């Protein structure tokens, strides 16, 4: 039993722990609240680096896990650089920090605030506890025991979107971007030559780049539902505008207007790629072409209309959505840069449905402070620590600065809920 349980100790949960630790170290009341963290994965560099993949880190160095909420925090990137002796040299770089550096930073913060974190500890189920015909507690169930609380934070996220056509095919030679590194490693010393990469966002771009980087004979077929990479937005949304203002506006709309907004928003099609990532991919392809190798093939306005696994790889049928013209590609492997599914009700909350209010789609009803609206519940609070189009008008991001700000809103709400 603790005052709260947070599920997930990725950046979002770390950011939240940093708010509590800032408070503890400053002797403020919030620091007394006891919170435990349950993370399914192990405490490893590999896993933290897995978490940053697909994320646009072409942003200012102040937009770290704590500074936008509290620049005096001992977990700021400036404190990280100073501890590592690199403040001056970092400034001379003239570029934003690398993914690898942000990972290291993230391990450096984690290591300092993880005293209440249980790793290798997946949540398998969350069971209700009813007492007077009304929900009073929940029991978070894990392989290493169970935990009880009135206050729950979900900081674990959502799952890969795998269209039905591909589910039977998931394997070593056809996989989602979320397992890109692991899957590539399984090939050992020899990658297959012919690749198809589906999708138009940063995860797709980085996969393409990594494939044409690893082996000079690899050929990549890059399929886009709309225009290709050359017409994507430069920078992911949270790096172009101050997202909380857009989250505010979205909450100020009534549900009918929200749906009109999302229909416009979805057809506007904002999907953005770090401009340095675009540049790396375009420059490398260009250099390749000087020697005659043209190794990236682009198919715009296309969907995969059929696919089968044969003895000689995959036979993939593309259909151009406008012309209806079709063509067939034979490849050795396929990468799905299809992104992640927005849950209506996260699977872990399955058993609590009777005490959860319904939004217009039956899913979770989430307020501006990330709190889940309940019904027939006595003192039980739940927060979902992330963005979504359906609740907030914006796709979920691994933006460190957004996590910092959310952590502030949640940690304060958690304090009020214990008095």
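Positions refer to the first chain, counted from 1.
Averaged over their C-alpha atoms, the temperature factors of 20-28 and 396-404 are higher for 20-28. When the C-alpha B-factors of 46-54 and 356-364 are averaged, 46-54 comes out higher.
The top Cα temperature factor in the record, among 97, 92, 126, 284, falls on 126. Across the options 385, 388, 375, 70, the residue with the most elevated CA B-factor in the record is 375. In the PDB entry, residue 223 places in the lowest third of its chain by CA B-factor. In the PDB entry, residue 178 places in the middle third of its chain by CA B-factor. Residue-level temperature factors show residue 40 in the highest third of its chain, judged at the C-alpha atom. Residue-level temperature factors show residue 299 in the lowest third of its chain, judged at the C-alpha atom.
The entry lists a Cα temperature factor for residue 162 that places it in the highest third of the chain's modelled residues.
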